[PDB]
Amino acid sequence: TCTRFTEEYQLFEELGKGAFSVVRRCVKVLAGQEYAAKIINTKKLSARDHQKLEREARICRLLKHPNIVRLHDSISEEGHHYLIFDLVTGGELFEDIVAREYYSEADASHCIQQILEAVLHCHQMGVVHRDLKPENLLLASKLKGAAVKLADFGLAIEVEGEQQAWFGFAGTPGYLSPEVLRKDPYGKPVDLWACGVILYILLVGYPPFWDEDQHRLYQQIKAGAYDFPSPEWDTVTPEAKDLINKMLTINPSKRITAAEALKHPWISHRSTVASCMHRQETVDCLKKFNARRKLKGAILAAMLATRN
């Protein structure tokens, strides 16, 4: 058998808790160089789960872009599979925004420009990410101004050209597109819908669709029922609202594409269009947004262990 990961790498602390995989920091001992190892235990995986693992590995190898996490190596051992990535050390984007305290439209525009370039690259390679959400938006390092990196292609799918199909229910509820919730054939536009949700959050720090009743959430998404309420939206530029509107368009064929959004003036003319005003309420809300997300995961795990 192959023990190349076991022999050549040392594993250290966990970096990310996945549903069926874990990410740990690792060091290639001979080189001293650090990486991230995404580890799947393959012993008791179904045939379908093997196929999805092999799909993710394929897509990760395919995608090479400054704003996408880069695969370094892939190693199959007897009972484990390792995807070894170049290690990004800046943490989650949303955590960094809160930690660095000050945030404006100009900051959000530069952030979402990088995300859109990553998404454009995926789409140009025939890949739909399907899991654009805050946990998958990392920073390359702790350097002030570090690049955004798109991560976690566990849900990503391969499409053929512009052909739409029902690729299944997958994703996080608050980011799901109307076409997926209607069980319509879908494709690349689902990523742009998720981008619109992310952008909305980057501007005011809370999500455009939220409801404890998931059935009510899905009706709100399908109706495109978001709002730009006062007072926080009163200071948001018209061009930022316009880009959000074009991303949160419920008809996927009329929704703005990644290439089109990169040409939108709030993105392409950020220096003269995006506001530089610090949005304190946004950072305040983002702080609660991140806390609710953490506690949701912690409390749901505690409740699961209580039911037993």
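All residue numbers are counted from 1 along the displayed sequence.
Participant: Name the higher of the two by mean Cα B-factor in the PDB entry, 290-298 versus 10-18.
Facilitator: It is 10-18 that shows the higher mean C-alpha B-factor.
Participant: Should the higher mean CA B-factor in the entry be assigned to 241-249 or to 269-277?
Facilitator: Looking at the record's C-alpha B-factors, the answer is 269-277.
Participant: Could you check 211, 191, 227, 96 and tell me which one carries the biggest Cα B-factor in the deposited entry?
Facilitator: Highest CA B-factor of the listed options: 211.
Participant: Can you tell me which of 196, 91, 168, 207 has the maximum CA B-factor listed in the PDB entry?
Facilitator: That would be 168.
Participant: By the record's CA B-factor, is residue 141 among the lowest, middle or highest third of residues in the chain?
Facilitator: Lowest third - that is where residue 141 ends up once the chain's C-alpha B-factors are sorted.
Participant: Would you mind checking where the Cα B-factor of residue 65 ranks among the modelled residues of its chain, as the lowest, middle or highest third?
Facilitator: Its C-alpha B-factor belongs to the middle third of this chain's values.
Participant: Please place residue 125 in the lowest, middle or highest third of its chain according to the CA B-factor in the PDB entry.
Facilitator: Residue 125: CA B-factor falls in the highest third of its chain.
Participant: Against its chain's modelled residues, does residue 216's Cα B factor rank lowest, middle or highest third?
Facilitator: Ranked within chain, residue 216 CA B lands in the highest tercile.
Participant: Place residue 101 in the lowest, middle or highest third of its chain's C-alpha B-factors, as listed in the PDB entry.
Facilitator: Its C-alpha B-factor, which the entry lists for residue 101, ranks in the lowest third among residues of this chain.
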